[PDB]
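Pasting start03.txt here (compact mmCIF, C-alpha atoms):
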# COMPACT_ATOMS: atom_id res chain seq x y z
CA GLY D 846 -10.05 -2.41 -60.11
CA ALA D 847 -8.13 -0.32 -57.61
CA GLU D 848 -7.46 -1.71 -54.14
CA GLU D 849 -8.89 0.66 -51.54
CA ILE D 850 -7.75 1.36 -47.99
CA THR D 851 -10.97 1.66 -45.99
CA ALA D 852 -12.65 0.69 -42.73
CA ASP D 853 -15.46 -1.27 -44.45
CA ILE D 854 -14.11 -4.80 -44.03
CA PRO D 855 -16.57 -7.60 -44.91
CA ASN D 856 -17.10 -10.44 -42.43
CA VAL D 857 -15.44 -8.43 -39.63
CA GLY D 858 -17.38 -6.95 -36.73
CA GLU D 859 -16.97 -3.78 -34.70
CA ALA D 860 -14.83 -5.65 -32.16
CA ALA D 861 -11.93 -5.67 -34.63
CA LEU D 862 -12.67 -2.12 -35.88
CA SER D 863 -12.14 -0.49 -32.48
CA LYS D 864 -8.50 0.48 -33.08
CA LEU D 865 -8.78 1.76 -36.67
CA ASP D 866 -9.79 5.31 -37.53
CA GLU D 867 -12.10 6.54 -40.29
CA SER D 868 -9.42 6.05 -42.96
CA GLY D 869 -8.83 2.44 -41.91
CA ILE D 870 -5.49 2.82 -40.10
CA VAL D 871 -4.78 2.02 -36.45
CA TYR D 872 -4.20 4.85 -34.01
CA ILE D 873 -0.80 5.80 -32.62
CA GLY D 874 -0.40 4.10 -29.27
CA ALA D 875 -2.76 1.19 -29.94
CA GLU D 876 -1.79 -1.95 -28.03
CA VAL D 877 -2.23 -4.73 -30.59
CA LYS D 878 -1.92 -8.50 -30.35
CA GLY D 879 -1.70 -11.34 -32.85
CA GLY D 880 -4.31 -11.26 -35.59
CA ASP D 881 -5.39 -7.67 -34.97
CA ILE D 882 -6.12 -5.56 -38.04
CA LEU D 883 -3.64 -2.70 -38.48
CA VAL D 884 -4.65 -1.26 -41.86
CA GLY D 885 -7.84 -2.31 -43.62
CA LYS D 886 -7.69 -3.01 -47.34
CA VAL D 887 -10.27 -4.47 -49.72
CA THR D 888 -9.45 -5.88 -53.15
CA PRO D 889 -12.01 -6.29 -55.95
CA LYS D 890 -12.60 -9.92 -56.89
CA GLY D 891 -14.16 -11.62 -59.90
CA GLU D 892 -17.00 -14.08 -60.17
CA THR D 893 -16.58 -17.23 -58.08
CA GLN D 894 -18.32 -20.50 -58.90
CA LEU D 895 -20.63 -21.28 -55.97
CA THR D 896 -21.06 -24.97 -55.28
CA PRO D 897 -24.72 -26.04 -55.54
CA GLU D 898 -24.92 -26.90 -51.85
CA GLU D 899 -23.81 -23.34 -51.12
CA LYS D 900 -26.28 -21.90 -53.62
CA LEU D 901 -28.91 -23.71 -51.55
CA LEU D 902 -27.57 -22.09 -48.38
CA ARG D 903 -27.66 -18.71 -50.13
CA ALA D 904 -31.29 -19.45 -51.02
CA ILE D 905 -32.25 -20.34 -47.44
CA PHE D 906 -30.42 -17.45 -45.76
CA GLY D 907 -30.16 -14.69 -48.33
CA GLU D 908 -26.95 -13.03 -47.16
CA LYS D 909 -24.43 -12.60 -49.98
CA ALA D 910 -21.65 -9.98 -49.83
CA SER D 911 -18.61 -11.02 -51.86
CA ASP D 912 -17.93 -8.01 -54.10
CA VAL D 913 -14.51 -7.50 -52.49
CA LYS D 914 -12.04 -9.68 -50.61
CA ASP D 915 -10.40 -8.74 -47.31
CA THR D 916 -6.64 -8.44 -47.81
CA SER D 917 -5.66 -6.32 -44.82
CA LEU D 918 -2.45 -5.92 -42.86
CA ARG D 919 -2.62 -7.97 -39.66
CA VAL D 920 -0.26 -8.36 -36.72
CA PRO D 921 1.76 -11.60 -37.03
CA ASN D 922 0.95 -14.42 -34.65
CA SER D 923 2.75 -14.38 -31.29
CA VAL D 924 3.57 -10.68 -31.76
CA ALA D 925 2.14 -8.17 -29.28
CA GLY D 926 3.18 -4.56 -29.06
CA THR D 927 2.35 -0.88 -29.36
CA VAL D 928 1.96 1.06 -32.59
CA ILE D 929 4.55 3.82 -32.27
CA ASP D 930 4.52 5.37 -35.76
CA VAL D 931 2.45 5.23 -38.95
CA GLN D 932 3.53 6.72 -42.28
CA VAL D 933 1.42 7.06 -45.44
CA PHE D 934 2.94 7.45 -48.91
CA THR D 935 0.58 8.43 -51.74
CA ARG D 936 1.30 8.47 -55.46
CA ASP D 937 1.34 11.84 -57.22
CA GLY D 938 -2.23 12.30 -58.44
CA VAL D 939 -4.07 10.07 -55.93
CA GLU D 940 -6.50 11.50 -53.39
CA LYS D 941 -5.07 11.89 -49.89
CA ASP D 942 -7.33 10.32 -47.28
CA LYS D 943 -8.00 11.91 -43.90
CA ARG D 944 -5.18 10.09 -42.10
CA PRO P 1044 4.53 1.30 -61.17
CA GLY P 1045 0.99 0.19 -60.36
CA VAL P 1046 1.22 1.18 -56.68
CA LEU P 1047 -1.43 3.63 -55.47
CA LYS P 1048 -0.65 3.87 -51.76
CA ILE P 1049 1.70 2.50 -49.11
CA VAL P 1050 1.17 2.50 -45.35
CA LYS P 1051 3.93 1.60 -42.89
CA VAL P 1052 3.28 0.71 -39.25
CA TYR P 1053 6.04 0.41 -36.64
CA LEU P 1054 5.42 -2.03 -33.78
CA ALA P 1055 7.45 -1.84 -30.57
CA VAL P 1056 7.72 -5.11 -28.62
CA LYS P 1057 9.22 -5.53 -25.16
CA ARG P 1058 11.01 -8.88 -24.92
CA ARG P 1059 11.82 -10.27 -21.48
CA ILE P 1060 14.34 -12.98 -20.73
CA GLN P 1061 13.01 -16.53 -20.72
CA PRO P 1062 14.27 -20.11 -21.06
CA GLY P 1063 15.75 -20.76 -24.48
CA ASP P 1064 17.42 -17.36 -24.81
CA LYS P 1065 21.17 -17.22 -25.34
CA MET P 1066 23.42 -15.45 -22.85
CA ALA P 1067 27.17 -15.00 -22.92
CA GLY P 1068 30.20 -13.29 -21.47
CA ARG P 1069 33.30 -11.90 -23.14
CA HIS P 1070 35.42 -15.07 -22.80
CA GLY P 1071 33.61 -17.45 -25.14
CA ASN P 1072 31.36 -18.76 -22.35
CA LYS P 1073 27.92 -19.01 -23.93
CA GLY P 1074 24.79 -20.76 -22.76
CA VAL P 1075 21.04 -21.13 -22.90
CA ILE P 1076 18.80 -20.22 -19.97
CA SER P 1077 17.25 -23.41 -18.59
CA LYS P 1078 15.17 -22.16 -15.66
CA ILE P 1079 13.98 -18.95 -14.03
CA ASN P 1080 14.44 -19.91 -10.38
CA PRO P 1081 12.50 -18.22 -7.57
CA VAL P 1082 14.62 -16.02 -5.33
CA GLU P 1083 14.10 -18.18 -2.23
CA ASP P 1084 15.59 -21.19 -4.05
CA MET P 1085 18.84 -19.68 -5.00
CA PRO P 1086 22.08 -19.78 -2.99
CA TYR P 1087 22.65 -16.91 -0.57
CA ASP P 1088 25.52 -15.74 1.59
CA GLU P 1089 25.69 -14.95 5.32
CA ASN P 1090 24.16 -11.49 4.79
CA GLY P 1091 21.13 -13.02 3.07
CA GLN P 1092 21.99 -11.63 -0.36
CA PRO P 1093 21.28 -14.25 -3.04
CA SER B 4 10.40 -32.44 29.91
CA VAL B 5 11.03 -34.44 26.74
CA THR B 6 7.55 -34.48 25.21
CA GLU B 7 6.94 -30.75 25.83
CA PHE B 8 8.87 -27.97 24.09
CA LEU B 9 9.27 -24.28 24.93
CA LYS B 10 7.37 -22.12 22.46
CA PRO B 11 9.34 -19.17 21.05
CA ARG B 12 8.14 -15.64 21.71
CA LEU B 13 8.80 -12.30 20.04
CA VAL B 14 11.24 -10.54 22.37
CA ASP B 15 12.70 -7.58 20.44
CA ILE B 16 12.26 -5.35 17.40
CA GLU B 17 15.18 -3.10 16.44
CA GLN B 18 14.52 -0.52 13.71
CA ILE B 19 17.88 0.28 12.12
CA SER B 20 16.20 2.47 9.50
CA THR B 21 12.93 2.88 7.62
CA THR B 22 13.86 -0.03 5.33
CA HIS B 23 15.92 -2.20 7.71
CA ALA B 24 14.90 -4.03 10.87
CA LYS B 25 15.79 -6.93 13.16
CA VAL B 26 13.32 -9.27 14.89
CA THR B 27 14.30 -11.57 17.75
CA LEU B 28 12.56 -14.85 18.59
CA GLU B 29 13.41 -16.55 21.89
CA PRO B 30 13.61 -19.23 23.21
CA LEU B 31 14.09 -22.08 20.72
CA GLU B 32 15.11 -25.70 21.19
CA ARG B 33 17.95 -27.47 19.43
CA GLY B 34 17.49 -27.48 15.67
CA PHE B 35 14.26 -25.48 15.70
CA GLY B 36 16.06 -22.20 15.07
CA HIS B 37 17.26 -23.31 11.64
CA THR B 38 13.89 -24.88 10.76
CA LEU B 39 11.87 -21.81 11.69
CA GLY B 40 14.40 -19.44 10.13
CA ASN B 41 14.40 -21.20 6.78
CA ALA B 42 10.61 -21.54 6.72
CA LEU B 43 10.14 -17.87 7.59
CA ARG B 44 12.72 -16.77 5.02
CA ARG B 45 11.03 -18.75 2.25
CA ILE B 46 7.55 -17.52 3.18
CA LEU B 47 8.62 -13.88 3.62
CA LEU B 48 10.48 -13.79 0.30
CA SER B 49 7.64 -15.31 -1.74
CA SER B 50 4.18 -14.72 -0.27
CA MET B 51 4.10 -11.25 1.26
CA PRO B 52 1.27 -8.87 0.29
CA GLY B 53 1.90 -5.29 -0.70
CA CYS B 54 0.87 -2.35 -2.86
CA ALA B 55 2.26 -1.38 -6.25
CA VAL B 56 1.75 0.99 -9.16
CA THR B 57 -0.18 -0.70 -11.96
CA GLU B 58 -1.45 1.95 -14.40
CA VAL B 59 -0.34 5.49 -15.22
CA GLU B 60 -2.05 8.21 -17.26
CA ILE B 61 0.09 11.18 -18.32
CA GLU B 62 -1.55 14.08 -20.14
CA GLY B 63 -0.40 14.38 -23.73
CA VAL B 64 1.19 10.91 -23.73
CA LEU B 65 -0.08 8.12 -25.99
CA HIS B 66 2.51 5.37 -25.45
CA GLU B 67 5.64 4.70 -23.43
CA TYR B 68 8.06 5.07 -26.36
CA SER B 69 7.66 8.84 -26.51
CA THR B 70 8.98 12.11 -25.12
CA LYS B 71 7.40 15.10 -23.39
CA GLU B 72 8.71 18.63 -23.80
CA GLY B 73 10.61 19.93 -20.79
CA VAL B 74 11.11 16.44 -19.32
CA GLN B 75 14.59 14.97 -19.57
CA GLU B 76 13.46 11.36 -19.02
CA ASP B 77 11.48 9.29 -21.50
CA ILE B 78 8.12 7.90 -20.44
CA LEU B 79 9.76 4.47 -20.16
CA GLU B 80 12.21 5.94 -17.64
CA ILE B 81 9.39 7.65 -15.74
CA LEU B 82 7.48 4.37 -15.47
CA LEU B 83 10.63 2.58 -14.31
CA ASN B 84 11.06 5.27 -11.65
CA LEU B 85 7.42 4.88 -10.59
CA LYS B 86 8.03 1.15 -10.16
CA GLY B 87 10.20 2.08 -7.17
CA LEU B 88 7.43 3.92 -5.35
CA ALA B 89 6.77 2.76 -1.78
CA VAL B 90 3.08 3.23 -0.97
CA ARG B 91 1.12 2.03 2.07
CA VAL B 92 -2.65 1.91 1.49
CA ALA B 93 -5.06 1.80 4.43
CA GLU B 94 -6.73 -1.54 5.08
CA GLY B 95 -9.97 -2.35 3.30
CA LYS B 96 -8.96 -0.75 -0.02
CA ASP B 97 -7.39 -2.84 -2.79
CA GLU B 98 -7.37 0.08 -5.24
CA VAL B 99 -6.54 3.78 -5.07
CA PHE B 100 -5.76 6.68 -7.41
CA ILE B 101 -3.22 9.41 -6.72
CA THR B 102 -2.24 12.46 -8.75
CA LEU B 103 1.05 14.20 -9.51
CA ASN B 104 1.01 17.73 -10.93
CA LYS B 105 4.16 19.82 -11.09
CA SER B 106 5.35 22.84 -13.07
CA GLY B 107 8.72 24.56 -13.18
CA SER B 108 12.33 23.46 -13.33
CA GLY B 109 13.49 20.93 -10.77
CA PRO B 110 13.39 17.26 -9.77
CA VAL B 111 9.84 15.94 -9.53
CA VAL B 112 9.90 13.59 -6.53
CA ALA B 113 7.43 11.36 -4.68
CA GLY B 114 6.72 14.03 -2.08
CA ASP B 115 4.81 16.00 -4.72
CA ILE B 116 2.07 13.35 -5.05
CA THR B 117 -1.34 14.36 -3.70
CA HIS B 118 -2.97 11.53 -1.74
CA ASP B 119 -6.37 11.20 -0.07
CA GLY B 120 -5.22 10.49 3.49
CA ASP B 121 -5.58 6.72 3.09
CA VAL B 122 -2.27 6.59 1.18
CA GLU B 123 1.14 7.08 2.80
CA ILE B 124 4.29 7.64 0.73
CA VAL B 125 7.25 6.02 2.46
CA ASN B 126 10.02 7.57 0.31
CA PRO B 127 9.17 11.22 -0.46
CA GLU B 128 12.75 11.80 -1.67
CA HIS B 129 12.40 9.26 -4.50
CA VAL B 130 13.00 11.14 -7.75
CA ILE B 131 10.34 10.43 -10.36
CA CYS B 132 11.46 12.76 -13.16
CA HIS B 133 13.20 16.05 -13.97
CA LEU B 134 11.73 19.23 -15.43
CA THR B 135 14.39 21.14 -17.36
CA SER B 136 12.35 24.22 -18.31
CA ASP B 137 10.40 26.83 -16.38
CA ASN B 138 7.51 26.39 -18.82
CA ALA B 139 7.48 22.60 -18.43
CA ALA B 140 4.49 20.96 -16.76
CA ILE B 141 3.66 17.37 -15.83
CA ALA B 142 0.26 15.94 -14.87
CA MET B 143 -0.06 12.23 -14.09
CA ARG B 144 -2.74 9.97 -12.62
CA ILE B 145 -1.30 6.88 -10.89
CA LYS B 146 -3.16 3.71 -9.90
CA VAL B 147 -2.02 1.74 -6.85
CA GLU B 148 -3.35 -1.76 -6.15
CA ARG B 149 -2.87 -4.35 -3.43
CA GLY B 150 -1.53 -7.71 -4.50
CA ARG B 151 0.97 -10.48 -3.91
CA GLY B 152 3.97 -11.58 -5.94
CA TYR B 153 5.10 -10.39 -9.35
CA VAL B 154 2.31 -9.76 -11.87
CA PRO B 155 3.63 -8.67 -15.28
CA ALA B 156 1.45 -6.50 -17.48
CA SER B 157 1.33 -9.22 -20.13
CA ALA B 158 -0.13 -11.72 -17.64
CA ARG B 159 -3.06 -9.46 -16.72
CA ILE B 160 -6.35 -10.68 -18.17
CA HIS B 161 -7.85 -8.50 -20.91
CA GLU B 166 -11.74 -1.73 -23.16
CA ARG B 167 -8.57 0.29 -22.53
CA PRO B 168 -8.33 3.86 -23.87
CA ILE B 169 -5.13 4.89 -25.61
CA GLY B 170 -3.03 6.73 -23.04
CA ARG B 171 -3.37 4.30 -20.15
CA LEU B 172 0.09 2.80 -19.66
CA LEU B 173 0.47 -0.50 -17.83
CA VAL B 174 3.31 -0.89 -15.33
CA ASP B 175 4.81 -4.20 -14.23
CA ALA B 176 3.92 -4.73 -10.57
CA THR B 177 6.16 -6.30 -7.93
CA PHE B 178 3.83 -6.34 -4.94
CA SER B 179 6.12 -8.07 -2.43
CA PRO B 180 7.61 -5.47 -0.04
CA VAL B 181 10.38 -7.78 1.20
CA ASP B 182 13.75 -7.32 -0.52
CA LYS B 183 16.27 -9.23 1.61
CA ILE B 184 15.95 -11.70 4.49
CA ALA B 185 18.77 -13.07 6.64
CA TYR B 186 18.62 -15.17 9.79
CA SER B 187 21.16 -16.12 12.45
CA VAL B 188 20.83 -18.65 15.28
CA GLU B 189 22.79 -17.73 18.41
CA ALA B 190 23.03 -19.06 21.95
CA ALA B 191 20.35 -18.10 24.46
CA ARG B 192 20.75 -17.58 28.22
CA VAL B 193 17.48 -18.81 29.75
CA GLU B 194 17.25 -19.89 33.40
CA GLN B 195 19.83 -22.66 33.83
CA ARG B 196 19.63 -24.72 30.62
CA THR B 197 22.15 -24.22 27.81
CA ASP B 198 20.36 -26.06 24.98
CA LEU B 199 18.13 -23.08 24.17
CA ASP B 200 18.69 -20.85 21.14
CA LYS B 201 17.74 -17.44 19.75
CA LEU B 202 16.74 -16.51 16.19
CA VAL B 203 17.54 -13.07 14.76
CA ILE B 204 15.86 -12.16 11.46
CA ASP B 205 17.31 -9.21 9.55
CA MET B 206 14.73 -7.82 7.13
CA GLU B 207 15.38 -5.23 4.42
CA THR B 208 12.10 -4.06 2.87
CA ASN B 209 10.64 -0.97 1.19
CA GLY B 210 9.22 0.29 4.50
CA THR B 211 5.57 -0.47 3.71
CA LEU B 212 5.27 -3.60 5.89
CA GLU B 213 5.99 -3.61 9.61
CA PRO B 214 8.40 -6.29 10.86
CA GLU B 215 6.13 -7.80 13.52
CA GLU B 216 3.16 -7.88 11.15
CA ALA B 217 5.30 -9.63 8.54
CA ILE B 218 6.37 -12.27 11.07
CA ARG B 219 2.79 -12.96 12.14
CA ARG B 220 1.56 -13.22 8.54
CA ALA B 221 4.35 -15.67 7.71
CA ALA B 222 3.53 -17.74 10.80
CA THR B 223 -0.17 -17.72 9.89
CA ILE B 224 0.60 -18.96 6.37
CA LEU B 225 2.82 -21.73 7.74
CA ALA B 226 0.21 -22.83 10.29
CA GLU B 227 -2.56 -22.87 7.70
CA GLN B 228 -0.46 -25.00 5.36
CA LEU B 229 0.47 -27.38 8.19
CA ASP B 230 -3.22 -27.79 9.06
CA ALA B 231 -3.44 -30.22 6.13
CA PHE B 232 -0.76 -32.43 7.71
CA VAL B 233 -2.29 -32.22 11.20
CA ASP B 234 -5.44 -33.86 9.80
CA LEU B 235 -3.96 -36.34 7.32
CA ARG B 236 -6.78 -38.16 5.52
CA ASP B 237 -7.63 -39.25 1.99
CA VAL B 238 -9.30 -36.37 0.15

Would you mind writing the structure in this file as structure tokens?
Amino acid sequence: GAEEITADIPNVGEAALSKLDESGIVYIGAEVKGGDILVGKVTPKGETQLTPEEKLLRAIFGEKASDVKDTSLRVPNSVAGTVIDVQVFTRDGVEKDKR
Amino acid sequence: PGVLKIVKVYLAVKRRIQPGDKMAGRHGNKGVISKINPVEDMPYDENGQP
Amino acid sequence: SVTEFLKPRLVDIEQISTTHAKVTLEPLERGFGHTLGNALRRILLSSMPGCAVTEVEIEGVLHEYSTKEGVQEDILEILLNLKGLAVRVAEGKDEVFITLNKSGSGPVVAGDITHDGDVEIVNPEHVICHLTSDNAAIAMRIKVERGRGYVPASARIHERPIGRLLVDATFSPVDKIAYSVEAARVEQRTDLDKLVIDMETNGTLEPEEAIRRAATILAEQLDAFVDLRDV
């Protein structure tokens, strides 16, 4: 499918979604440190063989959300700074998000 | 071809001097900072200026 | 006699300027002038409490690497200028907020800061920024805290809204310390000495108060030696 830029990042709480906007891009002036999410992106993934001793764990606790995989832009380790500019380039014929 | 969107983020980092950095003059005299000494430990003249 | 020394006393303060002073200690025995002078110089230059700017909030400013219309200096330059602010905060308060609002062409200086009576600006002539247009306006909220030493913004423990700009804080008010040991004319003996300490500071800390704080620190640290035991 088509990779989507969005703020709905699986297995990531609201602590790491503080600095992104609705479109999934950090704000201008955000002080970020290593590992912080700058732009959120989710990529569709295919079927994955679950090992039986993880099928059991799925059975016990029924949580299962693996439709997409989190491939987002993150600040490199030991790099801390301020976001000073963000530019978005969109292909001709693709919907322009809010940002 | 195949690219739907690109986002570019510019990060500004302030880097302060620290041991391991390379310093030099204009006469081929280069070196690596070994210690950041406190002011009270460095040599000073008769007017107290270190 | 031999077993008993003459304790030095504070005999003179000479205020050359707001930021320069001389303090005289007399009388001192042989060798004690150098010992006390070096100890006081090391304590004064390292462990002297003060007040410094820590956070700034400028309307319409998101980060330091930006520009404001009508202001010739970048926000980085304005913060560097604010680092040189000399502020004395009344005792009992380790935190205070001041405001700086100015419109119209001209140099925006430290004498345009509105304080709450518990804050004294020591250098009103210190230029903070420049407004190059009659329509230009600046509105800043500055945070002043009491501390000791040099606390970089990176070393501060980690919510912070976008717009709050951290400023590196050098709390120590002492800039330069010199000391000279000269001869002293006391009674009939000639072995006595005199210690003159030349202090260049930012004007926030009084000379006598600085000397007593340094002496208190030294005495407290020596208290461990006076009671030497296995701990």

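Closest approach to chain D from the set P:1076, P:1054, P:1045, P:1091 is made by P:1054, with distances taken over only C-alpha atoms.
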
Each chain B residue no farther than 12 Å from chain D, nearest pair in Å, all atoms listed in the file, as JSON lines:
{"residue": "B:63", "atom": "CA", "partner": "D:874", "partner_atom": "CA", "distance": 11.7}
{"residue": "B:64", "atom": "CA", "partner": "D:874", "partner_atom": "CA", "distance": 8.9}
{"residue": "B:65", "atom": "CA", "partner": "D:874", "partner_atom": "CA", "distance": 5.2}
{"residue": "B:66", "atom": "CA", "partner": "D:874", "partner_atom": "CA", "distance": 5.0}
{"residue": "B:67", "atom": "CA", "partner": "D:874", "partner_atom": "CA", "distance": 8.4}
{"residue": "B:68", "atom": "CA", "partner": "D:929", "partner_atom": "CA", "distance": 7.0}
{"residue": "B:69", "atom": "CA", "partner": "D:929", "partner_atom": "CA", "distance": 8.2}
{"residue": "B:70", "atom": "CA", "partner": "D:929", "partner_atom": "CA", "distance": 11.8}
{"residue": "B:156", "atom": "CA", "partner": "D:926", "partner_atom": "CA", "distance": 11.9}
{"residue": "B:157", "atom": "CA", "partner": "D:925", "partner_atom": "CA", "distance": 9.2}
{"residue": "B:161", "atom": "CA", "partner": "D:878", "partner_atom": "CA", "distance": 11.1}
{"residue": "B:166", "atom": "CA", "partner": "D:863", "partner_atom": "CA", "distance": 9.4}
{"residue": "B:167", "atom": "CA", "partner": "D:876", "partner_atom": "CA", "distance": 9.0}
{"residue": "B:168", "atom": "CA", "partner": "D:875", "partner_atom": "CA", "distance": 8.7}
{"residue": "B:169", "atom": "CA", "partner": "D:874", "partner_atom": "CA", "distance": 6.0}
{"residue": "B:170", "atom": "CA", "partner": "D:874", "partner_atom": "CA", "distance": 7.3}
{"residue": "B:171", "atom": "CA", "partner": "D:874", "partner_atom": "CA", "distance": 9.6}
{"residue": "B:172", "atom": "CA", "partner": "D:874", "partner_atom": "CA", "distance": 9.7}
{"residue": "B:173", "atom": "CA", "partner": "D:876", "partner_atom": "CA", "distance": 10.5}

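If you look at CA of residue 60 in chain B and CA of residue 94 in chain B, they are 24.8 Å away from each other.
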
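Using all atoms listed in the file, the smallest distance between any of P:1077, P:1064, P:1058, P:1069 and chain B comes from P:1058.
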
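Nearest residue to chain B among P:1068, P:1055, P:1074, P:1079 is P:1055, counting only C-alpha atoms.
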
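Nearest to chain P of all the residues B:44, B:144, B:196, B:220 is B:44, based on only C-alpha atoms.
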